[PDB]
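Single-letter residue listing:
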Amino acid sequence: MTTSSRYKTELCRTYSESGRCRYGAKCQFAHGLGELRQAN
Ligand SMILES: [Zn+2]
């Protein structure tokens, strides 16, 4: 069963290198590629 929602499916890829960080300081997913649940 696990969580019945869970956050997004993205990940701090190149972002973590001070790039963009769609959620600077608050990033957990939404960022560069982030296609865990779309190719992984
Ligand atoms: Zn980030």
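Residues numbered from 1 in each chain as written, not as in the entry; some residues may be left out. Heavy atoms only, no water.

- As recorded in the PDB header, solution NMR is the method behind this entry.

- Looking up the protein chain in the PDB entry gives the name Tristetraproline, with the organism given as Mus musculus.

**Thoughts on the overall build of the protein chain**
Phase 1 of the analysis: Looking only at helices and strands, one finds 0 helices and 0 strands in the protein chain.
Phase 2 of the analysis: Dimensions of the protein chain, computed from the C-alpha atoms along their principal axes, are close to 35 × 20 × 10 Å.
Phase 3 of the analysis: The proportion of buried residues among the 40 residues of the protein chain is 15%.
Phase 4 of the analysis: Sequence-distant contacts, at least 24 apart, represent 20% of the contacts inside the protein chain between residues at least 6 apart.
Phase 5 of the analysis: Entry remark: accessible area of the protein chain is about 3700 Å², with carbon and sulfur atoms responsible for 44%. (Helix = DSSP H or I, 4+ residues; strand = E, 2+ residues; numbered from the N terminus. Buried < 20%, exposed > 50% of the residue type's maximum accessible area, 1.4 Å probe, protein only. Contact = heavy atoms within 4.5 Å. Areas by Shrake-Rupley, 256 points an atom, 1.4 Å probe, with all protein chains shown as cover.)

**A few points about the coordination of the zinc ion**
Phase 1 of the analysis: Here the zinc ion is held by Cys12 (SG), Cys21 (SG), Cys27 (SG) and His31 (NE2), and the distances to it run 2.0 to 2.3 Å.
Phase 2 of the analysis: Positions of the donor residues of the zinc ion, expressed as sequence spacing, correspond to C-x8-C-x5-C-x3-H. (Donors = N, O, S within 2.8 Å, 3.2 Å for Na, K, Ca; no water.)

**Focus on the side chain of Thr9**
Phase 1 of the analysis: Residue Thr9 is classed as buried on the basis of its relative accessible area, which comes to 12%.
Phase 2 of the analysis: Only 3.3 Å separates the side chain of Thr9 from the backbone nitrogen of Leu36, close enough to count as a polar contact.
Phase 3 of the analysis: The contacts of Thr9, once residues within four sequence positions are left out, are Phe29, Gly34, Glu35, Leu36 and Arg37. (Polar contact = N/O pair within 3.5 Å; in protein donor to acceptor, adjacent residues only side chain to side chain.)

**Here we look at the environment of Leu36**
Phase 1 of the analysis: The class of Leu36 is partly exposed, set by a relative accessible area of 37%.
Phase 2 of the analysis: Taking C-alpha positions, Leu36 is 16 Å from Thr3, a pair spaced 33 residues apart along the chain.
Phase 3 of the analysis: Setting aside its immediate chain neighbours within four residues, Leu36 contacts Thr9, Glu10, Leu11 and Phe29.

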